[PDB]
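Text of the file work-v7.cif, holding mmCIF, C-alpha atoms:
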```
data_upload
#
loop_
_atom_site.label_atom_id
_atom_site.label_comp_id
_atom_site.auth_asym_id
_atom_site.auth_seq_id
_atom_site.Cartn_x
_atom_site.Cartn_y
_atom_site.Cartn_z
CA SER A 1 -50.12 27.85 17.80
CA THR A 2 -49.32 28.86 14.25
CA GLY A 3 -46.93 27.84 11.48
CA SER A 4 -45.54 29.67 8.46
CA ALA A 5 -43.48 28.09 5.68
CA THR A 6 -42.21 29.31 2.34
CA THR A 7 -43.26 27.36 -0.74
CA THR A 8 -41.05 27.45 -3.85
CA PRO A 9 -41.74 26.52 -7.50
CA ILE A 10 -39.89 23.38 -8.59
CA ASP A 11 -39.07 24.76 -12.04
CA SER A 12 -39.41 27.75 -14.35
CA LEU A 13 -43.02 26.85 -15.27
CA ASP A 14 -44.39 26.59 -11.70
CA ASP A 15 -45.25 22.94 -12.42
CA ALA A 16 -45.55 22.39 -8.67
CA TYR A 17 -44.40 23.91 -5.39
CA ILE A 18 -42.28 22.43 -2.61
CA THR A 19 -42.33 23.31 1.07
CA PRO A 20 -39.74 22.11 3.60
CA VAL A 21 -41.11 19.77 6.30
CA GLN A 22 -39.29 18.47 9.36
CA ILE A 23 -39.92 14.79 10.14
CA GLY A 24 -38.58 12.80 13.08
CA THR A 25 -36.00 13.27 15.81
CA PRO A 26 -33.43 14.60 15.03
CA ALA A 27 -35.23 16.42 12.24
CA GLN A 28 -35.06 15.06 8.71
CA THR A 29 -36.08 17.85 6.33
CA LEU A 30 -37.91 16.77 3.18
CA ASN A 31 -39.37 19.03 0.52
CA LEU A 32 -43.03 18.08 0.10
CA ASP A 33 -45.72 19.01 -2.40
CA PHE A 34 -48.61 20.43 -0.34
CA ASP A 35 -51.74 19.11 -2.02
CA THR A 36 -55.21 20.38 -1.11
CA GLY A 37 -56.61 17.74 -3.49
CA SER A 38 -55.48 14.68 -1.52
CA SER A 39 -55.18 13.53 2.07
CA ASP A 40 -52.05 11.37 2.45
CA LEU A 41 -48.71 12.56 3.80
CA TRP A 42 -46.27 10.23 2.05
CA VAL A 43 -42.53 10.34 1.57
CA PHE A 44 -39.68 8.77 -0.30
CA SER A 45 -37.93 6.65 2.29
CA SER A 46 -35.28 4.07 3.10
CA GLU A 47 -37.97 1.52 2.13
CA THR A 48 -38.53 2.88 -1.40
CA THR A 49 -37.47 0.48 -4.18
CA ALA A 50 -33.93 1.64 -4.98
CA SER A 51 -34.46 1.78 -8.75
CA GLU A 52 -37.38 4.19 -8.20
CA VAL A 53 -35.33 6.77 -6.30
CA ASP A 54 -33.43 9.32 -8.42
CA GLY A 55 -32.16 12.27 -6.39
CA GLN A 56 -34.92 12.63 -3.79
CA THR A 57 -34.15 13.09 -0.10
CA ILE A 58 -35.46 10.09 1.84
CA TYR A 59 -36.98 9.66 5.28
CA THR A 60 -35.21 6.96 7.29
CA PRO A 61 -37.44 5.96 10.19
CA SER A 62 -34.74 3.83 11.84
CA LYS A 63 -32.76 7.04 12.43
CA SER A 64 -35.68 8.76 14.18
CA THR A 65 -36.04 8.19 17.93
CA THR A 66 -39.71 9.17 17.73
CA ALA A 67 -40.71 6.96 14.77
CA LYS A 68 -43.01 4.03 15.44
CA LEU A 69 -44.30 1.49 12.94
CA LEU A 70 -48.08 1.70 12.66
CA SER A 71 -48.39 -2.04 12.70
CA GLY A 72 -50.45 -3.60 9.91
CA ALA A 73 -51.20 -0.32 8.17
CA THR A 74 -50.72 0.04 4.41
CA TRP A 75 -51.57 2.73 1.89
CA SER A 76 -51.99 3.01 -1.86
CA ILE A 77 -52.97 6.08 -3.85
CA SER A 78 -53.63 6.98 -7.46
CA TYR A 79 -53.79 10.59 -8.61
CA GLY A 80 -55.71 12.28 -11.41
CA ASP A 81 -52.64 12.42 -13.64
CA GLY A 82 -52.28 8.63 -13.46
CA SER A 83 -49.35 8.65 -11.04
CA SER A 84 -49.34 6.44 -7.96
CA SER A 85 -47.48 5.31 -4.87
CA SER A 86 -47.91 2.83 -2.02
CA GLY A 87 -46.27 1.48 1.10
CA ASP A 88 -46.52 1.12 4.87
CA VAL A 89 -46.90 3.64 7.70
CA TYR A 90 -45.04 5.12 10.64
CA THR A 91 -46.14 7.67 13.17
CA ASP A 92 -43.62 10.42 13.92
CA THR A 93 -43.27 14.08 14.83
CA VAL A 94 -43.85 16.41 11.90
CA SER A 95 -43.26 20.17 11.87
CA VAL A 96 -44.19 22.73 9.24
CA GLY A 97 -42.97 26.27 9.59
CA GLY A 98 -42.62 25.96 13.36
CA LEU A 99 -45.94 24.15 13.92
CA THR A 100 -45.48 20.67 15.36
CA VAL A 101 -47.77 17.63 15.31
CA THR A 102 -46.83 14.55 17.30
CA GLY A 103 -48.13 11.15 16.22
CA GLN A 104 -48.63 12.17 12.58
CA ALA A 105 -49.07 9.29 10.13
CA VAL A 106 -46.04 9.40 7.82
CA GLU A 107 -46.71 7.07 4.90
CA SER A 108 -43.46 5.50 3.75
CA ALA A 109 -43.31 4.66 0.05
CA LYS A 110 -42.25 1.20 -0.99
CA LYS A 111 -43.18 1.91 -4.63
CA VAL A 112 -43.69 5.10 -6.64
CA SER A 113 -44.62 5.53 -10.29
CA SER A 114 -42.27 6.95 -12.89
CA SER A 115 -43.47 10.56 -12.71
CA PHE A 116 -42.46 10.68 -9.05
CA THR A 117 -39.09 9.06 -9.69
CA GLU A 118 -38.43 11.54 -12.50
CA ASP A 119 -39.10 14.54 -10.29
CA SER A 120 -35.96 14.75 -8.18
CA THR A 121 -37.21 17.92 -6.48
CA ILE A 122 -40.31 16.39 -4.82
CA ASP A 123 -39.59 14.20 -1.79
CA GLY A 124 -43.26 13.37 -1.16
CA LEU A 125 -46.72 14.88 -0.73
CA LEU A 126 -48.52 16.46 2.20
CA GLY A 127 -52.27 16.16 1.72
CA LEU A 128 -54.57 18.94 2.87
CA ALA A 129 -57.96 17.77 1.60
CA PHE A 130 -60.40 16.19 4.07
CA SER A 131 -59.27 13.15 6.04
CA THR A 132 -62.14 11.07 4.61
CA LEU A 133 -59.96 10.66 1.46
CA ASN A 134 -56.96 9.28 3.36
CA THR A 135 -55.98 5.87 1.93
CA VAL A 136 -54.46 4.16 4.99
CA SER A 137 -55.98 0.75 5.68
CA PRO A 138 -57.39 -0.72 7.86
CA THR A 139 -57.39 2.37 10.09
CA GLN A 140 -57.80 5.61 8.15
CA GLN A 141 -55.45 8.39 9.26
CA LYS A 142 -55.81 12.16 9.72
CA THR A 143 -54.07 14.87 7.70
CA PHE A 144 -51.47 17.16 9.23
CA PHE A 145 -54.05 19.98 9.28
CA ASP A 146 -56.70 17.81 10.95
CA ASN A 147 -54.21 16.79 13.63
CA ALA A 148 -52.99 20.38 14.19
CA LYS A 149 -56.41 21.98 14.13
CA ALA A 150 -57.34 21.96 17.80
CA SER A 151 -54.01 23.56 18.71
CA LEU A 152 -54.21 26.33 16.10
CA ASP A 153 -55.11 29.90 17.04
CA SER A 154 -57.77 29.68 14.31
CA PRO A 155 -58.77 26.51 12.41
CA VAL A 156 -57.46 27.68 9.04
CA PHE A 157 -54.58 27.45 6.64
CA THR A 158 -53.81 29.77 3.75
CA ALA A 159 -52.17 29.30 0.37
CA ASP A 160 -50.32 32.24 -1.17
CA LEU A 161 -48.62 30.79 -4.24
CA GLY A 162 -46.24 32.88 -6.31
CA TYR A 163 -46.03 33.35 -10.06
CA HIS A 164 -42.47 32.36 -10.94
CA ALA A 165 -41.59 33.23 -7.32
CA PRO A 166 -41.77 31.84 -3.79
CA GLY A 167 -44.93 32.11 -1.71
CA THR A 168 -46.27 31.02 1.66
CA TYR A 169 -48.39 28.44 3.45
CA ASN A 170 -49.62 29.66 6.83
CA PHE A 171 -51.38 27.58 9.48
CA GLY A 172 -53.59 29.02 12.19
CA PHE A 173 -53.77 32.68 11.18
CA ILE A 174 -54.65 35.02 8.32
CA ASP A 175 -51.84 37.41 7.38
CA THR A 176 -53.73 40.64 6.70
CA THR A 177 -50.63 42.11 5.02
CA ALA A 178 -50.59 39.38 2.35
CA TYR A 179 -53.63 40.46 0.32
CA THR A 180 -55.38 43.57 -0.94
CA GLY A 181 -59.01 44.54 -0.39
CA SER A 182 -61.26 42.09 1.43
CA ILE A 183 -61.56 38.29 1.52
CA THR A 184 -64.70 36.87 -0.06
CA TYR A 185 -65.84 33.61 1.50
CA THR A 186 -67.85 30.97 -0.33
CA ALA A 187 -69.51 27.69 0.69
CA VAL A 188 -67.70 24.34 0.58
CA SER A 189 -69.11 20.87 0.06
CA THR A 190 -67.05 18.14 1.69
CA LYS A 191 -69.19 15.36 0.17
CA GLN A 192 -66.40 14.21 -2.17
CA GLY A 193 -63.63 14.95 0.37
CA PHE A 194 -62.37 18.00 -1.50
CA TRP A 195 -62.42 21.74 -0.98
CA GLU A 196 -65.30 21.88 -3.45
CA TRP A 197 -67.02 25.18 -4.17
CA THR A 198 -69.04 26.94 -6.88
CA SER A 199 -67.63 29.82 -8.87
CA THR A 200 -70.18 32.39 -10.02
CA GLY A 201 -68.83 32.76 -13.56
CA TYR A 202 -66.03 33.99 -15.77
CA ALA A 203 -64.76 36.57 -18.23
CA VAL A 204 -62.15 36.38 -20.99
CA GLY A 205 -59.82 39.34 -21.25
CA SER A 206 -61.74 42.63 -21.21
CA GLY A 207 -64.95 40.80 -22.15
CA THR A 208 -68.24 40.89 -20.31
CA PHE A 209 -68.68 38.65 -17.30
CA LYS A 210 -70.76 35.51 -17.86
CA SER A 211 -72.81 34.60 -14.80
CA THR A 212 -72.81 30.81 -14.58
CA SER A 213 -72.28 28.32 -11.75
CA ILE A 214 -69.06 26.33 -12.05
CA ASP A 215 -68.59 23.64 -9.41
CA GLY A 216 -64.95 22.74 -8.84
CA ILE A 217 -62.16 22.03 -6.37
CA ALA A 218 -59.39 24.21 -5.00
CA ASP A 219 -56.38 21.98 -5.66
CA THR A 220 -52.85 23.18 -4.99
CA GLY A 221 -51.53 19.83 -6.23
CA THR A 222 -52.82 20.36 -9.78
CA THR A 223 -50.78 22.64 -12.03
CA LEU A 224 -53.41 23.92 -14.44
CA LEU A 225 -56.96 25.29 -14.48
CA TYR A 226 -59.43 22.68 -15.76
CA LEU A 227 -62.88 24.00 -16.68
CA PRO A 228 -65.89 22.98 -18.81
CA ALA A 229 -65.27 22.67 -22.52
CA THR A 230 -67.63 25.57 -23.27
CA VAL A 231 -65.63 27.94 -21.05
CA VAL A 232 -62.26 26.77 -22.33
CA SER A 233 -63.34 27.07 -25.97
CA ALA A 234 -64.51 30.65 -25.31
CA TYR A 235 -61.10 31.49 -23.84
CA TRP A 236 -58.95 29.98 -26.61
CA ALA A 237 -61.15 31.43 -29.36
CA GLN A 238 -59.62 34.79 -28.38
CA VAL A 239 -56.07 33.63 -29.18
CA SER A 240 -55.15 33.62 -32.87
CA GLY A 241 -53.98 30.18 -33.95
CA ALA A 242 -54.91 28.38 -30.73
CA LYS A 243 -56.34 24.89 -31.13
CA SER A 244 -56.96 21.70 -29.25
CA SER A 245 -54.43 19.05 -30.18
CA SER A 246 -55.22 15.42 -29.43
CA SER A 247 -51.58 14.51 -30.16
CA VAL A 248 -50.28 16.98 -27.57
CA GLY A 249 -53.11 16.40 -25.10
CA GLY A 250 -54.87 19.75 -24.95
CA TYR A 251 -54.97 23.33 -26.14
CA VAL A 252 -51.81 24.75 -27.67
CA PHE A 253 -51.19 28.24 -28.99
CA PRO A 254 -48.51 30.07 -30.99
CA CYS A 255 -45.69 31.07 -28.75
CA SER A 256 -45.74 34.46 -30.42
CA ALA A 257 -49.16 35.18 -28.85
CA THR A 258 -50.05 37.64 -26.13
CA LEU A 259 -52.57 35.78 -23.97
CA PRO A 260 -55.70 37.46 -22.57
CA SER A 261 -56.44 37.37 -18.86
CA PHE A 262 -59.10 35.08 -17.40
CA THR A 263 -61.43 36.20 -14.61
CA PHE A 264 -63.36 33.87 -12.30
CA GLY A 265 -66.11 34.81 -9.88
CA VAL A 266 -66.16 34.21 -6.14
CA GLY A 267 -69.59 35.40 -5.07
CA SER A 268 -69.81 38.99 -6.27
CA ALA A 269 -66.00 39.27 -6.22
CA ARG A 270 -63.63 38.65 -9.12
CA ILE A 271 -60.17 37.11 -9.33
CA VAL A 272 -58.15 38.03 -12.41
CA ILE A 273 -55.58 35.57 -13.74
CA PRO A 274 -53.10 37.52 -15.90
CA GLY A 275 -52.49 36.14 -19.37
CA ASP A 276 -48.85 35.35 -18.59
CA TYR A 277 -49.96 32.88 -15.91
CA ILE A 278 -51.67 30.84 -18.65
CA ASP A 279 -48.43 30.32 -20.64
CA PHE A 280 -46.78 26.93 -20.00
CA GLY A 281 -44.17 27.34 -22.65
CA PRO A 282 -43.05 25.25 -25.61
CA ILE A 283 -44.62 21.80 -25.89
CA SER A 284 -41.12 20.40 -26.45
CA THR A 285 -37.78 22.10 -26.24
CA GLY A 286 -37.44 24.73 -28.98
CA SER A 287 -40.97 24.37 -30.34
CA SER A 288 -42.97 27.42 -31.39
CA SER A 289 -46.14 25.70 -30.16
CA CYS A 290 -46.86 26.59 -26.53
CA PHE A 291 -49.01 24.67 -24.04
CA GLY A 292 -52.02 26.39 -22.50
CA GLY A 293 -52.67 26.76 -18.80
CA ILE A 294 -56.46 26.54 -19.13
CA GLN A 295 -57.62 23.12 -20.30
CA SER A 296 -60.89 21.22 -20.58
CA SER A 297 -62.11 19.17 -17.62
CA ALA A 298 -64.24 17.02 -19.93
CA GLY A 299 -63.51 13.41 -19.05
CA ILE A 300 -61.83 14.30 -15.73
CA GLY A 301 -65.27 14.36 -14.15
CA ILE A 302 -64.56 17.45 -12.05
CA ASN A 303 -63.47 21.04 -12.61
CA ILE A 304 -60.16 21.89 -10.96
CA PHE A 305 -59.01 25.29 -9.78
CA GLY A 306 -55.34 24.37 -9.80
CA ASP A 307 -52.24 26.49 -9.33
CA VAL A 308 -52.89 28.68 -12.40
CA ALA A 309 -56.01 30.00 -10.67
CA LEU A 310 -54.95 29.80 -7.04
CA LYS A 311 -51.66 31.68 -7.51
CA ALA A 312 -53.67 34.73 -8.65
CA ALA A 313 -55.24 34.91 -5.17
CA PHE A 314 -54.67 34.74 -1.45
CA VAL A 315 -56.73 31.66 -0.53
CA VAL A 316 -58.14 30.77 2.89
CA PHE A 317 -58.96 27.17 3.62
CA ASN A 318 -61.29 27.55 6.58
CA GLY A 319 -61.59 24.28 8.48
CA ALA A 320 -64.12 25.46 11.03
CA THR A 321 -67.05 23.18 11.88
CA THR A 322 -68.69 24.41 8.68
CA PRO A 323 -65.77 24.71 6.24
CA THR A 324 -65.56 27.54 3.74
CA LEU A 325 -63.08 28.95 1.22
CA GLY A 326 -61.95 32.57 1.03
CA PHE A 327 -60.38 34.39 -1.90
CA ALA A 328 -58.73 37.80 -2.00
CA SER A 329 -56.75 39.61 -4.65
CA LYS A 330 -53.10 40.31 -3.86
#
```
Show me, as structure tokens, the structure contained in the file I just sent.
Amino acid sequence: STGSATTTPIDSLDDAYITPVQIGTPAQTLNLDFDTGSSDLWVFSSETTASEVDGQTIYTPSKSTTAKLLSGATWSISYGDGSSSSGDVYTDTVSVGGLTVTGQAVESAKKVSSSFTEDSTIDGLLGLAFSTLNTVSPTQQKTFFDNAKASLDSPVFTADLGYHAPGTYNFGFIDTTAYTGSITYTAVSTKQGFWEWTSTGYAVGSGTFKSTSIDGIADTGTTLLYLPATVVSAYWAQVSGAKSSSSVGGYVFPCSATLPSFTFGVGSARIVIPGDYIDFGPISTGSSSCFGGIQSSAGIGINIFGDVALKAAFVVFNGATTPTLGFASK
């Protein structure tokens, strides 16, 4: 089997991407944030505290003939940005882009933090990291990908995120029309439960490439590119007037700037992030200070190849017995 679903930016900054997902019988379609940095499939639901729902579409398990309470199971998750959610668990039928999993754990939110409430466009998350990070207790549950894997033509999914445009998540096949040149594959460590890999270095603009190992995660659920302070300082030093602002929470730059590109290495291959992808616009409405899309990972504890980086590439998440990651230009 295979699946193919379009993923769409939630706003004009590509802050996140939503993908329609069918849950239950008859289908209830919710728009979920596919997150390769976590491993819980959770949704706004008929159980979510009313005051914490503001425009989201909810899953109502009592209206699904295939929903079953997973008795005794609870979940609770905290994300890197400080947001959180928790609740109980149902199993139900879940379909993505024509690919169906029966018996998928659907984690129903009883509580969500303010950032979720405030984002009316995101009805929940669909985790695509390794199932060892799943938070369901006392019986840990498998991700949608893990459950689908044995049925897939090939044990892979791909992320093809757009810049200010829709893109695609495919399951079970590699669309050879969706990228240019060849795919370069690189080793993955699953020790922390992430799609963790080591970039071979970077360049700023038309500058020379610096060969240096940068360990980080491929994380579709993180907006920006978070890298070591040395790397980030070297990038922003090439933008007149750019500075790190503790009051704003990172690097800002004059909105009158033309940003240089940023290149990262994948083995001997190179992925180029155009300068425009690094512009996250005014820090507040009407400001002439703009927020940067490359930020320091210092104090996160991990480097994160978030959407800013991933959307510059066609990315293969290879879930074969020895997982790997592939990157191609597009």
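In this comparison, which uses all atoms listed in the file, the residue of A:51, A:76, A:170, A:206 approaching residue 317 of chain A most closely is A:170.
Note that the spacing between atom CA of residue 295 of chain A and atom CA of residue 114 of chain A amounts to 23.5 Å.
Among A:253, A:263, A:71, A:328, the residue with the shortest atom-to-atom distance to residue 291 of chain A, counting only C-alpha atoms, is A:253.
Atom pair atom CA of residue 173 of chain A / atom CA of residue 154 of chain A has a distance of 5.9 Å (rounded to one decimal).
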Residue neighbourhood segment 300-314 of chain A, 7 Å, all atoms listed in the file, exclusion window fewer than 3 positions, as an mmCIF file with C-alpha atoms, keeping the file's coordinate frame:
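To be explicit, this is the file written out as out.cif:
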```
data_model
loop_
_atom_site.group_PDB
_atom_site.id
_atom_site.type_symbol
_atom_site.label_atom_id
_atom_site.label_comp_id
_atom_site.auth_asym_id
_atom_site.auth_seq_id
_atom_site.Cartn_x
_atom_site.Cartn_y
_atom_site.Cartn_z
ATOM 1 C CA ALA A 159 -52.170 29.300 0.370
ATOM 2 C CA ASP A 160 -50.320 32.240 -1.170
ATOM 3 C CA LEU A 161 -48.620 30.790 -4.240
ATOM 4 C CA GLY A 162 -46.240 32.880 -6.310
ATOM 5 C CA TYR A 163 -46.030 33.350 -10.060
ATOM 6 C CA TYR A 179 -53.630 40.460 0.320
ATOM 7 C CA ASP A 215 -68.590 23.640 -9.410
ATOM 8 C CA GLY A 216 -64.950 22.740 -8.840
ATOM 9 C CA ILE A 217 -62.160 22.030 -6.370
ATOM 10 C CA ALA A 218 -59.390 24.210 -5.000
ATOM 11 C CA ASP A 219 -56.380 21.980 -5.660
ATOM 12 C CA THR A 220 -52.850 23.180 -4.990
ATOM 13 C CA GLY A 221 -51.530 19.830 -6.230
ATOM 14 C CA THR A 222 -52.820 20.360 -9.780
ATOM 15 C CA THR A 223 -50.780 22.640 -12.030
ATOM 16 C CA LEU A 224 -53.410 23.920 -14.440
ATOM 17 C CA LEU A 225 -56.960 25.290 -14.480
ATOM 18 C CA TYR A 226 -59.430 22.680 -15.760
ATOM 19 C CA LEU A 227 -62.880 24.000 -16.680
ATOM 20 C CA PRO A 228 -65.890 22.980 -18.810
ATOM 21 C CA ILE A 271 -60.170 37.110 -9.330
ATOM 22 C CA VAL A 272 -58.150 38.030 -12.410
ATOM 23 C CA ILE A 273 -55.580 35.570 -13.740
ATOM 24 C CA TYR A 277 -49.960 32.880 -15.910
ATOM 25 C CA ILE A 278 -51.670 30.840 -18.650
ATOM 26 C CA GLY A 293 -52.670 26.760 -18.800
ATOM 27 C CA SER A 297 -62.110 19.170 -17.620
ATOM 28 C CA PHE A 327 -60.380 34.390 -1.900
ATOM 29 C CA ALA A 328 -58.730 37.800 -2.000
ATOM 30 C CA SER A 329 -56.750 39.610 -4.650
ATOM 31 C CA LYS A 330 -53.100 40.310 -3.860
#
```
Using all atoms listed in the file: which of A:202, A:169, A:59, A:235 has the shortest distance to residue 34 of chain A: A:169
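Applied to this file, the PyMOL selection byres ((chain A and resi 103) around 6) selects residues 91, 92, 93, 102 and 104 of chain A.
In this structure, atom CA of residue 74 of chain A sits 11.0 Å away from atom CA of residue 106 of chain A.
Distances here use all atoms listed in the file; by that measure, the residue among A:58, A:67, A:298, A:128 closest to residue 44 of chain A is A:58.
Across A:42, A:116, A:145, A:17, the tightest approach to residue 130 of chain A is made by A:145 when counting only C-alpha atoms.
When all atoms listed in the file are used to measure the gap to residue 101 of chain A, the shortest distance among A:86, A:147, A:19, A:321 belongs to A:147.
What the PyMOL selection byres ((chain A and resi 236-247) around 9) picks from this file is residues 204, 205, 231, 232, 233, 234, 235, 248, 249, 250, 251, 252, 253, 254, 257, 258, 259, 260, 292 and 294 of chain A.
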Give me a file of those residues, with C-alpha atoms, as a PDB file, keeping the file's coordinate frame.
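Output contents, as saved in result.pdb:
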```pdb
ATOM      1  CA  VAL A 204     -62.150  36.380 -20.990  1.00  0.00           C
ATOM      2  CA  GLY A 205     -59.820  39.340 -21.250  1.00  0.00           C
ATOM      3  CA  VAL A 231     -65.630  27.940 -21.050  1.00  0.00           C
ATOM      4  CA  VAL A 232     -62.260  26.770 -22.330  1.00  0.00           C
ATOM      5  CA  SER A 233     -63.340  27.070 -25.970  1.00  0.00           C
ATOM      6  CA  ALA A 234     -64.510  30.650 -25.310  1.00  0.00           C
ATOM      7  CA  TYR A 235     -61.100  31.490 -23.840  1.00  0.00           C
ATOM      8  CA  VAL A 248     -50.280  16.980 -27.570  1.00  0.00           C
ATOM      9  CA  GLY A 249     -53.110  16.400 -25.100  1.00  0.00           C
ATOM     10  CA  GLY A 250     -54.870  19.750 -24.950  1.00  0.00           C
ATOM     11  CA  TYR A 251     -54.970  23.330 -26.140  1.00  0.00           C
ATOM     12  CA  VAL A 252     -51.810  24.750 -27.670  1.00  0.00           C
ATOM     13  CA  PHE A 253     -51.190  28.240 -28.990  1.00  0.00           C
ATOM     14  CA  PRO A 254     -48.510  30.070 -30.990  1.00  0.00           C
ATOM     15  CA  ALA A 257     -49.160  35.180 -28.850  1.00  0.00           C
ATOM     16  CA  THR A 258     -50.050  37.640 -26.130  1.00  0.00           C
ATOM     17  CA  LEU A 259     -52.570  35.780 -23.970  1.00  0.00           C
ATOM     18  CA  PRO A 260     -55.700  37.460 -22.570  1.00  0.00           C
ATOM     19  CA  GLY A 292     -52.020  26.390 -22.500  1.00  0.00           C
ATOM     20  CA  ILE A 294     -56.460  26.540 -19.130  1.00  0.00           C
TER      21      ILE A 294
END
```
What are the closest atom pairs, with distances in Å to one decimal, for each residue of segment 18-104 of chain A lying within 9 Å of segment 189-201 of chain A, using only C-alpha atoms, rows by chain and rising residue number, as a tab-separated table?
```
residue	atom	partner	partner_atom	distance
A:36	CA	A:195	CA	7.3
A:37	CA	A:194	CA	6.1
A:38	CA	A:194	CA	7.6
A:39	CA	A:193	CA	8.7
```
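Taking only C-alpha atoms, the non-local environment of segment 180-184 of chain A within 9 Å (same-chain residues fewer than 2 positions away omitted) comprises residues 176, 177, 178, 186, 266, 267, 268, 269, 314, 315, 316, 325, 326, 327, 328, 329 and 330 of chain A.
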Is it possible to add N, CA, C and O atoms to segment 32-45 of chain A and hand it back as a CSV table (one decimal), in the frame of the given file?
```csv
chain,number,residue,atom,x,y,z
A,32,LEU,N,-41.8,18.7,0.5
A,32,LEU,CA,-43.0,18.1,0.1
A,32,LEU,C,-43.9,19.0,-0.7
A,32,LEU,O,-43.9,20.2,-0.6
A,33,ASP,N,-44.7,18.3,-1.6
A,33,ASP,CA,-45.7,19.0,-2.4
A,33,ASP,C,-47.0,19.1,-1.6
A,33,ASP,O,-47.7,18.0,-1.4
A,34,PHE,N,-47.4,20.2,-1.1
A,34,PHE,CA,-48.6,20.4,-0.3
A,34,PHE,C,-49.8,20.4,-1.3
A,34,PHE,O,-49.9,21.2,-2.2
A,35,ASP,N,-50.7,19.5,-1.0
A,35,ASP,CA,-51.7,19.1,-2.0
A,35,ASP,C,-53.1,19.2,-1.4
A,35,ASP,O,-53.5,18.2,-0.7
A,36,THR,N,-53.9,20.2,-1.7
A,36,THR,CA,-55.2,20.4,-1.1
A,36,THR,C,-56.2,19.5,-1.8
A,36,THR,O,-57.4,19.5,-1.5
A,37,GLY,N,-55.8,18.7,-2.8
A,37,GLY,CA,-56.6,17.7,-3.5
A,37,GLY,C,-56.4,16.3,-3.1
A,37,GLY,O,-57.0,15.4,-3.7
A,38,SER,N,-55.6,16.0,-2.1
A,38,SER,CA,-55.5,14.7,-1.5
A,38,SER,C,-55.2,14.7,0.0
A,38,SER,O,-55.0,15.8,0.5
A,39,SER,N,-55.1,13.6,0.6
A,39,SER,CA,-55.2,13.5,2.1
A,39,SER,C,-54.2,12.6,2.7
A,39,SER,O,-54.4,12.1,3.8
A,40,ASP,N,-53.1,12.2,2.0
A,40,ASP,CA,-52.0,11.4,2.4
A,40,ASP,C,-50.8,12.2,2.5
A,40,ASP,O,-50.4,13.0,1.6
A,41,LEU,N,-50.0,12.0,3.6
A,41,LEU,CA,-48.7,12.6,3.8
A,41,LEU,C,-47.8,11.4,3.6
A,41,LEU,O,-47.7,10.5,4.4
A,42,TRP,N,-47.2,11.3,2.4
A,42,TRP,CA,-46.3,10.2,2.0
A,42,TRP,C,-44.9,10.7,1.6
A,42,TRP,O,-44.8,11.8,1.0
A,43,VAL,N,-43.9,9.9,1.8
A,43,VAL,CA,-42.5,10.3,1.6
A,43,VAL,C,-41.7,9.2,0.9
A,43,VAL,O,-41.9,8.0,1.2
A,44,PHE,N,-40.8,9.6,0.1
A,44,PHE,CA,-39.7,8.8,-0.3
A,44,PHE,C,-39.0,8.4,1.0
A,44,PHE,O,-38.8,9.2,1.9
A,45,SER,N,-38.5,7.2,1.0
A,45,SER,CA,-37.9,6.6,2.3
A,45,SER,C,-36.8,5.6,2.1
A,45,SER,O,-36.6,5.2,0.9
```
